[PDB]
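Worksheet: the structure to be examined is printed underneath.
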There are 2 protein chains.
Amino acid sequence: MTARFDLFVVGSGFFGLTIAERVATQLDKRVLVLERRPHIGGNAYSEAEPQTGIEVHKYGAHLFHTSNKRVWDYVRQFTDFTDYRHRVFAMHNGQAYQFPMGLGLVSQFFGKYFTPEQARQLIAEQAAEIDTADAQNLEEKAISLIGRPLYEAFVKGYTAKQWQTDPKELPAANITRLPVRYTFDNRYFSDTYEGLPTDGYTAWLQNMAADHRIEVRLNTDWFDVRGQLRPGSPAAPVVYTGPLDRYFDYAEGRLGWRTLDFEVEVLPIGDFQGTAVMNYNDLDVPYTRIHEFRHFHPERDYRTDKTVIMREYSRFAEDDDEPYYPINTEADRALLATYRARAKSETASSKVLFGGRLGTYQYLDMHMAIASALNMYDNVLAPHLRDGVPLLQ
Amino acid sequence: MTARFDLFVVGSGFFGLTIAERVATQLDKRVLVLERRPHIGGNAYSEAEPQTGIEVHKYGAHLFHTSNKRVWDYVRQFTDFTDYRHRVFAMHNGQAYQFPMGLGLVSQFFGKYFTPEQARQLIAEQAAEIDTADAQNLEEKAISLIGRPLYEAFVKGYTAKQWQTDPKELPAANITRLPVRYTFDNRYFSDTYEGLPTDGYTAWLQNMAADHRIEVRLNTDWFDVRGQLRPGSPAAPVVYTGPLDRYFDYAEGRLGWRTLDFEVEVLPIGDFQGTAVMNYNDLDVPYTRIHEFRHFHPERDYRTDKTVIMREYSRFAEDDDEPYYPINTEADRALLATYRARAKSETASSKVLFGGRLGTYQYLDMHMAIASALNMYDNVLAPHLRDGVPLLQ
Ligand SMILES: Cc1cc2nc3c(=O)[nH]c(=O)nc-3n(C[C@H](O)[C@H](O)[C@H](O)COP(=O)(O)OP(=O)(O)OC[C@H]3O[C@@H](n4cnc5c(N)ncnc54)[C@H](O)[C@@H]3O)c2cc1C
Ligand SMILES: Cc1cc2nc3c(=O)[nH]c(=O)nc-3n(C[C@H](O)[C@H](O)[C@H](O)COP(=O)(O)OP(=O)(O)OC[C@H]3O[C@@H](n4cnc5c(N)ncnc54)[C@H](O)[C@@H]3O)c2cc1C
Ligand SMILES: O=c1ccn([C@@H]2O[C@H](COP(=O)(O)OP(=O)(O)O)[C@@H](O)[C@H]2O)c(=O)[nH]1
Ligand SMILES: O=c1ccn([C@@H]2O[C@H](COP(=O)(O)OP(=O)(O)O)[C@@H](O)[C@H]2O)c(=O)[nH]1
């Protein structure tokens, strides 16, 4: 007589699974998760290459990092973490540079050693065109942090291949993802906690969706089955984590997305580049970076006669393409505001919530996605499924 | 009527304290430790600089590292460890290079990026003068590993200032302390476990000598009091960890030692070199390296208007100088063999054991010293103090 499920979740990414796991274990409710991909985990899905055994991140490399202790403690319930610290090198004019901004990069590019004090002065001179506080876009913000000469050499070219958009049109928050230091610290991230899942990403994601009150239906599009499912559970809300503009059939227009293509190759050598990730900042090369996955897990002993590499290509996401990056131009932010209104309306009429990287058109990382899911649970979903509180304020 | 103590230990270094702690806690025996320095811990003694609060390693920088899990588990009984990974940079011709041997150093010194495969070929050509298996001394071993061009630039000069001895006379084991890689890994050590004592070295050493059955007498030379002490405990053995040649009053001759002088300076700036340790490989500079101790503990937030640095100078250890490094030339190894005979004799006549860096004329690290102390306890001291087994085989 009663309801089949207590909640619908669309997408088995870190946002969806976090939501599904909290509702199931803490509130003791049945959750149905719908994934149209052949597997779970979203873009965090990993897979072992048959010849080498090396774990391959299928949808781009994934490195976990956070400063939120609550998030850190939460994710450790489902997996252990290695003490791996992510470092990136940059390729420019046939030379590998230390990266990102630091005394290593400065002394290499400018030919001599600069003291921390001397380095600050050098950059201050080259960044005299614009102040950081008055930075509107990516180009201005980048120059105000690392100076114009370094901007032309390591930022302008890479940004061209990655976004294919005028640097003066891109958000400043994009370049502020990279730490700016005046030491020899070349850690690509600056968070308290950092590491890779010891037994791989897939094992991690399978532990979150392991509860018996969580059912996951793979190869299932929500728009194909929502007509039949929701009548079975009329009171059950829906957490949507797919493309926001797709949900409304692009009625207001199409948001700018960037998508990625990957070339995976097994090489008959033991080491290709001697590091995990190598950025290619020059335009004489079509790909943005190359991953060598064996350097992600040095604690594991892989064969030394073969190796797996992955080249990364960037282009505009079209009709049926899976979106990866929100471009977020001024025109995009305008269109986004319209969809947020339509989304706010859908929440009041049919109990449909919007979250995640794709569902909010946000440049989110794994830990930001999980934290966002925890906040949605604590403030919105839990008071509703437990105390009858409406979804809207 | 009975004996005052069950064991005498000379020197409060890591060897002595490890011995004293094991005997006291496991065998329930009274141990007297004699230290002629004003404090305990030997050269591992740390001290907070008053103006900045920064922990200063008084007798040279100390970084703990090991692959022995038994040692690792043992030391964690007395202290916690940070996740600090030691990295060294090299200064050559006004330029800071990545260090030690790796793709970073190669691509910097030779001006362009070398693949792991290309790098192996380049070094193989430059190391064609001598094979590594047939390496007798430091100079030959160094060339056979990193090639002659890199040897002249980063090894030959540094070795000159540090040892003031012909590179063909020094042991090959000296240069094999540094890892030789063909990746971008610039970790100065290659051990499984590594870190710094969270609450400092002195707190660590005080926890080992904390047991009530261990008495430590500071400012006391063993040669001044052994005439009065040993009659009080005739059955008690003695573990000597001081200079081996000094114990026999240099009767057979003087072993070659290197000693160190330090210049500690508080600077009115927040950062001097942006890294923990900077090697100076050129001869136009008197000191071998510079330490900036604030980069040893990034987890602590020190003031940013002042900093503490320490320059390190090397010279021959004379009469009353405290020895730091055994030179171990062919002449030294000959003289050493003589003292080992005299030492083997002293063990049989007056129950005097010899151990530690100074007591064995060995280039030992902290973990090698502790492991050595554990082996002496398990095989020699424990069967004697508990089962009456003689000290000699
Ligand atoms: C190349 C790349 C590298 C990254 N590296 C890092 C990193 O190193 N560290 C870090 O912290 N973050 C990294 N991220 C970011 C991170 O992957 C995201 O935070 C993460 O994907 C968050 O999950 P999400 O569920 O909000 O989005 P997604 O996990 O992509 O979840 C969305 C899922 O919804 C499903 N779906 C969509 N529409 C439907 C539908 N109609 N019906 C059914 N299912 C649907 C899709 O199958 C998709 O799998 C990286 C991202 C990319 C693209
Ligand atoms: C500059 C430097 C840097 C180093 N860095 C590292 C590092 O980063 N990581 C690492 O693992 N190892 C490092 N080491 C090595 C490490 O310090 C030694 O392993 C360590 O000192 C071992 O202790 P030990 O007791 O065998 O020698 P010591 O600790 O020097 O102990 C000897 C003690 O005996 C006492 N003594 C001597 N004679 C008498 C006497 N007649 N009467 C009373 N007392 C006496 C002395 O006071 C002395 O303190 C470094 C060494 C040096 C010199
Ligand atoms: O070598 C680089 C790396 C970063 N970026 C810029 O910084 C942004 C964020 O870089 P990040 O590596 O964080 O992007 P992601 O890992 O998500 O692909 C990119 O979009 C680029 O615009 C750059 O210009 N040069
Ligand atoms: O930049 C360097 C560092 C090391 N060495 C040689 O390698 C030996 C050991 O170096 P290490 O840093 O381990 O010595 P320590 O830290 O004990 O002073 C030194 O004696 C030198 O002969 C060198 O030639 N160049």
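Each answer follows from the model by the rule given with it, or from the source it names; nothing here is a laboratory result. Neighbour counts are summed over all protein chains in view; Cβ atoms, including those assigned to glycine, are modelled from backbone coordinates with ideal geometry.
For A:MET278, indicate whether it is within 14 Å of chain B (Cβ to nearest Cβ), in contact (Cβ under 8 Å) with a residue 60 or more places away in the chain and in a strand (DSSP E or B).
yes
Might you let me know whether the stretch B:282-290 holds any residue that is closer than 24 Å to B:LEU196 by Cα, polar (S, T, N, Q), outside any loop (DSSP other than H, G, I, E, B) and more than 16 Å from ligand 1 (Cβ to nearest atom)?
no
Just to be sure, is B:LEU105 surrounded by fewer than 22 Cβ atoms within 10 Å (Cβ to Cβ) and either outside any helix (DSSP H, G or I) or within 14 Å of chain A (Cβ to nearest Cβ) (or both)?
No; evaluated as a whole, the condition is false for this residue.
Of the conditions (1) away from chain B (no Cβ under 14 Å); (2) crowded, with 20+ Cβ neighbours inside 10 Å, A:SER349 satisfies every one except a single condition; which number is it?
(2)
B:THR159 versus (1) more than 10 Å from every other protein chain (Cβ to nearest Cβ); (2) surrounded by fewer than 22 Cβ atoms within 10 Å (Cβ to Cβ): which is the lone unmet condition?
(2)
Which condition number does A:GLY356 fail, the rest of (1) away from ligand 3 (no atom under 16 Å from the Cβ); (2) assigned by CATH to the domain that holds A:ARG246 being met?
So the condition that A:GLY356 fails would be (1).
Exactly one of (1) in the same structural domain as A:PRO298 (by CATH); (2) charged (D, E, K, R); (3) surrounded by fewer than 20 Cβ atoms within 10 Å (Cβ to Cβ) is unmet by A:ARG213. Its number?
All conditions pass for A:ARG213, except number (1).
Looking only at the stretch A:48-94, how many residues end up being in a loop (DSSP other than H, G, I, E, B), within 19 Å of the chain's Cα centre (by Cα) and either among the small types (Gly, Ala, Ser) or within 14 Å of chain B (Cβ to nearest Cβ) (or both)?
Result for the stretch A:48-94: 7.
Can you tell me which residues in the stretch B:138-192 are in contact with a strand residue (DSSP E or B) (Cβ under 7 Å, 6 or more places away or on another chain) and assigned to a helix (DSSP H, G or I)?
B:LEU138, B:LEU145, B:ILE146, B:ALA153, B:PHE154, B:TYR158, B:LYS161, B:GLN162, B:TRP163, B:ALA172
For B:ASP245, state whether it is surrounded by fewer than 16 Cβ atoms within 10 Å (Cβ to Cβ), among the acidic types (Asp, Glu), more than 16 Å from ligand 4 (Cβ to nearest atom) and in the same structural domain as B:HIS367 (by CATH).
In short, no.
Can you tell which of A:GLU299, A:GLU318, A:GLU312, A:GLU263 is surrounded by 13 or more Cβ atoms within 10 Å (Cβ to Cβ) and assigned by CATH to the domain that holds A:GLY157?
Matching residue, one of A:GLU299, A:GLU318, A:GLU312, A:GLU263: A:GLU312.
Is the stretch B:264-273 home to any residue that is more than 14 Å from ligand 2 (Cβ to nearest atom), more than 24 Å from B:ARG85 (Cα to Cα) and part of a loop (DSSP other than H, G, I, E, B)?
yes
Restricting the stretch A:1-47 to residues that are assigned to a loop (DSSP other than H, G, I, E, B) and in contact with an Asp or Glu (Cβ under 6 Å, 6 or more places away or on another chain), which is nearest to ligand 1 (Cβ to nearest atom)?
Once the filter is applied, the top-ranked residue is A:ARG36.
For (1) farther than 20 Å from A:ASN279 by Cα; (2) touching a residue at least 60 places away in the same chain (Cβ under 8 Å), each residue gets a yes or a no:
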{"position": "A:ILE130", "(1), (2)": "yes, no"}
{"position": "A:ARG148", "(1), (2)": "no, no"}
{"position": "A:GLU169", "(1), (2)": "yes, yes"}
{"position": "A:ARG187", "(1), (2)": "no, yes"}
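Check A:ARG181 against each of (1) surrounded by fewer than 16 Cβ atoms within 10 Å (Cβ to Cβ); (2) away from ligand 1 (no atom under 13 Å from the Cβ) and name the one condition it does not meet.
(1)
Go through (1) within 21 Å of B:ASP166 (Cα to Cα); (2) touching a strand residue (DSSP E or B) at 6+ places or on another chain (Cβ under 8 Å) for B:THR307 and report which single condition fails.
For B:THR307, the exception is condition (1).
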